[PDB]
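Asks: before I ask anything, here's the sequence and the deposited coordinates:
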Amino acid sequence: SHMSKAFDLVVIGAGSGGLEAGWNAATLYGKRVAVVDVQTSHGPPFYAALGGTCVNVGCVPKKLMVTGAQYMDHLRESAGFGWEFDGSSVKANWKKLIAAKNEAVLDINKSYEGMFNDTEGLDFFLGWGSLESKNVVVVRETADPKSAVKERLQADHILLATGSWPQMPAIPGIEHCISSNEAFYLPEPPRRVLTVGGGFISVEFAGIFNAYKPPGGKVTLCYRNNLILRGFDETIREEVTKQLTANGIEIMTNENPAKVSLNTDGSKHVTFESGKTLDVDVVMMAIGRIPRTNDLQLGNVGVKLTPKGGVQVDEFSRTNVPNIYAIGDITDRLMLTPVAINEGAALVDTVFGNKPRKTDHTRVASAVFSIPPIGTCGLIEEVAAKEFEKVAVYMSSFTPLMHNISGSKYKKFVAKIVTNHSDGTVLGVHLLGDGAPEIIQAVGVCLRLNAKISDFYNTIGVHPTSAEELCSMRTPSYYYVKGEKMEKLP
Amino acid sequence: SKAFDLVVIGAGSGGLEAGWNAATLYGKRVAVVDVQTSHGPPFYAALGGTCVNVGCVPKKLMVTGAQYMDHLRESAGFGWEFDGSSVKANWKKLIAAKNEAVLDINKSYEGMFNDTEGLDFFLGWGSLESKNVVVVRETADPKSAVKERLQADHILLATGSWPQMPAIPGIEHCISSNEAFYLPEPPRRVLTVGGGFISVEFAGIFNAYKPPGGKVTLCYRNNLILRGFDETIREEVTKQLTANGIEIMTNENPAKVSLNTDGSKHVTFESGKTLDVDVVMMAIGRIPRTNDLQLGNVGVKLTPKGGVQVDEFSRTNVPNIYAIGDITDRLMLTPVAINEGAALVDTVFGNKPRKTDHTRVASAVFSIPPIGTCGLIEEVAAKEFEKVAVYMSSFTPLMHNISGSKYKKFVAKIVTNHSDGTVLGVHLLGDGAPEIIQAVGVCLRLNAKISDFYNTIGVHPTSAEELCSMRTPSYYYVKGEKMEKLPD
Ligand SMILES: Cc1cc2nc3c(=O)[nH]c(=O)nc-3n(C[C@H](O)[C@H](O)[C@H](O)COP(=O)(O)OP(=O)(O)OC[C@H]3O[C@@H](n4cnc5c(N)ncnc54)[C@H](O)[C@@H]3O)c2cc1C
Ligand SMILES: Cc1cc2nc3c(=O)[nH]c(=O)nc-3n(C[C@H](O)[C@H](O)[C@H](O)COP(=O)(O)OP(=O)(O)OC[C@H]3O[C@@H](n4cnc5c(N)ncnc54)[C@H](O)[C@@H]3O)c2cc1C
Ligand SMILES: O=C([N][C][C]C1=[C][C]=C(F)[C]=[C]1)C1=[C][C]=C([C][N]C(=O)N2[C][C]N([C][C][C]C3=[C][C]=[C][C]=[C]3)([C]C3=[C][C]=C(Cl)C(Cl)=[C]3)[C][C]2)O1
Ligand SMILES: O=C([N][C][C]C1=[C][C]=C(F)[C]=[C]1)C1=[C][C]=C([C][N]C(=O)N2[C][C]N([C][C][C]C3=[C][C]=[C][C]=[C]3)([C]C3=[C][C]=C(Cl)C(Cl)=[C]3)[C][C]2)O1
């Protein structure tokens, strides 16, 4: 009972990547696996738990919460199709939303509890995972390396999968701001909220707050640069800015908070770099996420971190110490659950199966649950324009007929296909509007199969759908030649 | 009379496609005949085809409206609060808004004719007079006033389909989907008759807009609705229509209908069951619209089924006469008809002979909740392949544990030739299914194997990613015979 335990693989982080690897090594290959996490259930104080950032304070609750936010649009848009009810009685109870999310998230926590009790050679250890040596993980009561040892775990192989954490800027009064972590637990919806960042978390939470805000509430999103959502298609960036604007979100571009102080009433006084001021009840920082490397004591074994602070890996998830691997947000690349999952599965097939495999980081389909949402896979046209001599862009944009009736004329569906015009290969596909995230998944499979634009236009539409726009573009709307935009070819 | 390269009888999905490509792509002279310039009684179809006027478009809009019965109830779960007892569904408003949407489309097709060189719209009833002449008359009666005689080097038959009405006493007291679109009042009790997608769709529509104590019944003559769709999906959407308060009578078929003193209809079934309803909507089938064409004047061969016979290039037995869309009784979908029109016109005026592929067409049923499907159901596939595998995923979505629509099970199924892992068919029931399936259509045109699905990186969180997370077959067919494990 006072003895070290010995394992084929120790995984630090029972999240998206770590649980895929752990489960696969144990049930596909009969390896003996230990999995360390700091908490068995979602919430304060450590927020991520068993199941990772995605289950506890990420993809899962944010989706249930955006689902809730969509009803403000449904209730309003119902009028146009003939629905009548007292508009004046309509109230949004945040406490019911939060309590329902809390139950859904705890159920997944509990299902995970049972997986670990039941499955041979897959064990759960509660605490903070640190590297003592090439073959020993120590599990401490806290992230403080001086805290009590609960366990020592011998591992032939060690998987680093501790994920990421919110980045807080060093500004005066930062202690009066929150991250996405605390947002999930606010006991009441803020009347006034600044969400700081042009990234998918700022935009997603702005929509949530915008819908659950009490009477006379206001949601402000601020971003240091000119146009939110860097990395996504410029048409889609511009349009989702109009659509957030049209739903009563104030977008402050080229603005950045310099300091936060309390007003005498407990509210927050934000001073921007520009000298502008805003009073809010909540300042949610969402300016980025950083690899959680601190607490691992990587120094003890000399695991190399990148310039940026991520664990350096090759294509096979291998650090500079052989037998020590890193996957998911700790590698500080694409910060997505299914990428974490694919990397973990590829790592286990390589180390423990004998089917070596490297995750493909290109043509990865992803979504933004803005209202309305983004669906995207592959290159945006300006990235394409720098790698291929001739890029074609197929664009279709329209107001869905249903929104001529709903009264939401402002909800432009946008569908964009980017091709290598030399040979028709689809490089990239971008969608804005309802069902964009469900449309784009299958588009992922197409691109992995090197679909050309003719493979798309030769497929017969399903009518009536938004999706059918993708099988209806025969003529490029414009081109890039040698990196330069033009309606026509010379 | 006037001179044309192409006369198109019918200005619908396939006819307008064919007409538009002939004029704007090949510089041909084109006459198109339809019987009405905009939607609704007396002829229901018009400029646009059945889809635009009394089919895909209005029905989608009206299903969109019916969905708000689920949205309003399901919002409680996410903490939305309002006086439920003040909730009322105004059908008149829905119809008026549908009507405006359809009229603006009819007007934009007028627009297109006025502005398109070599493309002419003629109002009236087309029929063949001889091999090279289309007559347009005042009405369907082949002895009404000639309006136009059109000399044509090529003639395209594109008159579409009509609701099949069975030969039973009191069939006059029944409506079709055409009249459903124009009901002045939402029926309190209604009987949709038929297991196909039109009966199911309308059942959903009426269920939402029904006045206070109303009731939607759907009856089908055989034991399970929606023949031709995956059997699991067929069983599940049955469960889910019942759950939302729609009575499904299986193995029941109307024997007659009579008038009640209050203007309601008394339906007697073959079993001798009886049901009093405000409306009986017949949706047992659709048949090629071939009567008014006078096909005998030239001897265009019909199939036993009633549809105009064509080869794979939509050519009839008469040299310069072609048929596309519903009139050929192949797949009765708009994009299939558009794809035949385009294909015919390239063949005849483009010397690039193209045939339309009728395999692995994606289709949708706009049930609540909706179906999305492409390619073979496992039963058809078991008759064509030694080793078929079926991968199955079925769950209540987390959002329906919260809304309280616990009954809304999502179903994803992939059918494969297990010999090589080739994806034969994909079948979805759940929110987004019709959106999910479109690109699956592109996938089946790229010889996607099951492993191509499960090696694609998921988009999380979605229903769609369930397609890319199935690696172990649930069960198999070996020489036609369902079994859980392989014999080895
Ligand atoms: C608000 C938000 C929304 C998101 N939405 C989406 C989305 O919709 N779709 C999507 O694809 N991605 C989304 N993401 C990103 C997604 O959550 C991550 O990419 C994914 O969770 C990363 O998985 P991972 O395996 O790298 O680590 P994680 O899932 O983060 O798991 C790491 C685990 O390690 C634990 N841990 C850390 N240090 C230690 C230690 N020393 N010892 C023990 N345990 C430790 C943590 O408690 C955590 O449980 C979202 C992220 C956030 C913050
Ligand atoms: C209620 C309903 C819902 C449907 N929903 C969908 C759906 O969601 N998706 C889908 O893909 N398909 C759907 N369909 C099927 C779709 O409507 C048809 O497959 C499609 O419209 C067929 O086009 P077509 O060119 O064959 O004929 P049509 O589109 O019907 O065009 C035929 C035209 O010919 C005209 N005409 C007829 N006789 C004459 C004559 N003698 N002279 C001149 N003109 C004449 C008619 O007025 C009509 O406008 C639906 C059908 C119905 C009935
Ligand atoms: O809503 C929605 N969605 C979603 C789904 C749905 C639905 C419907 C409903 F109820 C619900 C839902 C929406 C809106 C709008 C949309 C679309 N867009 C448009 O419109 N487009 C334009 C262009 N195209 C092309 C094709 C070809 C052709 C040609 C000619 C002939 C015919 C055809 C058309 C056109 C063109 C040309 C001309 Cl001239 C014409 Cl007139 C037309 C396509 C595309 O969508
Ligand atoms: O709803 C819905 N949907 C839709 C979308 C969404 C969502 C969520 C939310 F809130 C909203 C919306 C539903 C429910 C149920 C179902 C199904 N089933 C299951 O199970 N799955 C899960 C999983 N996957 C992938 C992978 C997984 C795994 C891994 C490893 C090992 C184990 C497992 C995804 C996910 C999910 C969930 C979770 Cl929690 C996770 Cl973490 C993940 C598949 C699927 O779905």
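Replies: Everything's here; your move. Residues are numbered from 1 along each chain as shown, chains lettered A, B, ... in the order given. Ligands and ions are numbered 1, 2, ... in the order given.
Asks: use CA for all of it now, contacts and neighbours both
Replies: Will do.
Asks: roughly how far apart are residue A:1 and residue A:9?
Replies: Separation of residue A:1 from residue A:9 (Cα to Cα, to the nearest Å) stands at 21 Å.
Asks: more neighbours, those two?
Replies: Per other Cα atoms under 10 Å in any protein chain shown, whichever of residue A:1 and residue A:9 has more neighbours is residue A:9, with 28 against 4.
Asks: quick one: contacts for residue A:201?
Replies: Neighbouring residues of residue A:201 by Cα atoms under 8 Å, 6 or more residues apart in numbering or on different chains: A:180, A:286.
Asks: which element is it on?
Replies: helix A:200-212 (DSSP states H and E).
Asks: quickly run through the sheet partners of the next helix or strand after that helix, with directions.
Replies: The helix or strand immediately downstream of helix A:200-212 is strand A:218-223, counting by DSSP H and E. Sheet pairing of strand A:218-223 (DSSP bridges) gives strand A:192-196 (parallel), strand A:249-253 (parallel).
Asks: out of the ones you listed, nearest to ligand 3?
Replies: strand A:249-253 (25.2 Å; Cα to the nearest ligand atom).
Asks: which stretches of chain A form helices?
Replies: For chain A, the helices defined by DSSP state H cover A:16-23, A:52-57, A:59-78, A:94-118, A:180-183, A:200-212, A:234-246, A:337-351, A:381-385, A:401-406, A:436-448, A:453-457.
Asks: residue A:473 is nearest to which of these?
Replies: Residue A:473 sits nearest to helix A:453-457 of all the helices of chain A, at 6.3 Å, using Cα to Cα.
Asks: centre of the chain to the closest one, how far?
Replies: Relative to the centre of its chain, helix A:453-457 is centred 30 Å away, using Cα atoms, centre = their mean, to the nearest Å.
Asks: do it and chain B come into contact?
Replies: Yes. Judged by Cα under 8 Å from any Cα of the partner chain, helix A:453-457 and chain B are in contact via A:455-456.
Asks: neighbours of residue A:79, how many?
Replies: Quick note: residue A:79 (other Cα under 10 Å) scores 21 neighbours.
Asks: actually residue A:483, not the one I typed
Replies: Counted with other Cα under 10 Å, the neighbours of residue A:483 add up to 18.
Asks: and the gap between it and residue A:452?
Replies: Distance of residue A:483 to residue A:452, computed by Cα to Cα: 21 Å.
Asks: same check, this time on residue A:21
Replies: Distance of residue A:21 to residue A:452, computed by Cα to Cα: 34 Å.
Asks: excluding covalently adjacent residues, which one is nearest to residue A:319?
Replies: In this structure, residue A:319 finds its nearest non-sequential neighbour in residue A:313, 4.7 Å apart by Cα to Cα, 6 or more residues apart in numbering or on different chains.
Asks: list the contacts for that neighbour?
Replies: By Cα under 8 Å, 6+ apart, the contact list for residue A:313 reads A:319-320, A:325-326, A:331.
Asks: was I right about residue A:296 contacting residue A:133?
Replies: No. With contacts counted by Cα atoms under 8 Å, residue A:296 stays clear of residue A:133, the gap being 11.2 Å.
Asks: who's more crowded, the two?
Replies: Between residue A:296 and residue A:133, residue A:296 has the larger neighbour count (other Cα under 10 Å), namely 21 against 16.
Asks: so in terms of bridging, what pairs with the closest residue in space to the more buried one that isn't next to it in sequence?
Replies: Leaving out its chain neighbours, the residue that sits closest to residue A:296 by Cα to Cα, 6+ apart is residue A:130, at 4.4 Å. Legend: beta-bridge partners of residue A:130 under DSSP bridges are residue A:138.
Asks: adjacent strands (with direction) for the biggest strand by length in chain A?
Replies: Criterion DSSP state E: the longest strand present in chain A is strand A:149-160. The strands beside strand A:149-160 in its sheet (DSSP bridges) come out as strand A:5-12 (parallel), strand A:136-140 (antiparallel), strand A:324-326 (parallel).
Asks: buried sites along it?
Replies: Under the neighbour-count criterion of 16 or more other Cα atoms under 10 Å in any protein chain shown, strand A:149-160 has A:151-155, A:157-160 buried.
Asks: quick check, distance from it to the centre of its chain.
Replies: In this view, strand A:149-160 has its centroid 29 Å away from the chain centroid, taken as Cα atoms, centre = their mean.
Asks: neighbouring contacts of that strand?
Replies: Contact partners of strand A:149-160, identified using Cα under 8 Å, 6+ apart, comprise A:4-13, A:18, A:34, A:125, A:127, A:135-141, A:323-327, A:330.
Asks: ok, 6 Å please
Replies: With contacts defined as Cα atoms under 6 Å, 6 or more residues apart in numbering or on different chains, strand A:149-160 is touched by A:4-12, A:135-140, A:323-326.
Asks: tell me the domain ranges of chain A?
Replies: Using automatic domain parsing, the domain ranges for chain A come out as A:5-166+A:290-351, A:174-287, A:365-474.
Asks: can you get me a residue count around residue A:355?
Replies: By other Cα under 10 Å, 11 other residues sit near residue A:355.
Asks: likewise residue A:188?
Replies: For residue A:188, the neighbour count with other Cα under 10 Å is 14.
Asks: what does residue A:354 give?
Replies: Each residue near residue A:354 was counted by other Cα under 10 Å, and the total is 9.
Asks: likewise for the one 10 residues further on?
Replies: Burial of residue A:364 is recorded as 25 neighbouring residues (other Cα under 10 Å).
Asks: stretch A:148-167 and ligand 1 in contact?
Replies: Yes. On the criterion Cα under 6 Å from any ligand atom, stretch A:148-167 is in touch with ligand 1 at A:161-164.
Asks: distance check, the residue nearest the centre of chain A against residue B:297.
Replies: The centroid of chain A falls nearest to residue A:336 when counting by Cα atoms, centre = their mean (5.4 Å). Remark: distance between residue A:336 and residue B:297 (Cα to Cα) = 67 Å.
Asks: what does residue A:164 give?
Replies: According to Cα to Cα, residue A:164 and residue B:297 sit 77 Å apart.
Asks: just residue A:448 next, same as before
Replies: To residue B:297, residue A:448 is 54 Å away according to Cα to Cα.
Asks: can you tell me if stretch A:24-39 touches chain B.
Replies: No. On the criterion Cα under 6 Å from any Cα of the partner chain, stretch A:24-39 is out of touch with chain B, staying 12.5 Å away.
Asks: off-centre distance for that stretch?
Replies: Counting by Cα atoms, centre = their mean, stretch A:24-39 comes out at 25 Å from the chain centroid.
Asks: and that stretch, is it in reach of ligand 1?
Replies: Yes. Residues of stretch A:24-39 contacting ligand 1 under Cα under 6 Å from any ligand atom: A:36-38.
Asks: what are the buried residues along that stretch?
Replies: The neighbour-count check on stretch A:24-39 (16+ other Cα under 10 Å) flags A:24-26, A:31-39 as buried.
Asks: again, but for stretch A:184-202
Replies: Residues of stretch A:184-202 classed as buried: A:184-185, A:189-202 (neighbour count, 16+ other Cα under 10 Å).
Asks: and if you look at stretch A:356-375?
Replies: By 16+ other Cα under 10 Å, the buried positions in stretch A:356-375 come out as A:357-360, A:363-375.
Asks: repeat for stretch A:237-255
Replies: Buried positions in stretch A:237-255, judged by neighbour count with 16+ other Cα under 10 Å: A:237, A:239-244, A:249-253, A:255.
Asks: likewise for stretch A:303-318?
Replies: Buried residues in stretch A:303-318, counted by 16+ other Cα under 10 Å: A:303-305, A:309-313, A:316-318.
Asks: re the thing from before, so which of the domains of chain A gets nearest ligand 2?
Replies: Across the domains of chain A, ligand 2 has its closest neighbour in domain A:365-474 (4.8 Å, Cα to the nearest ligand atom).
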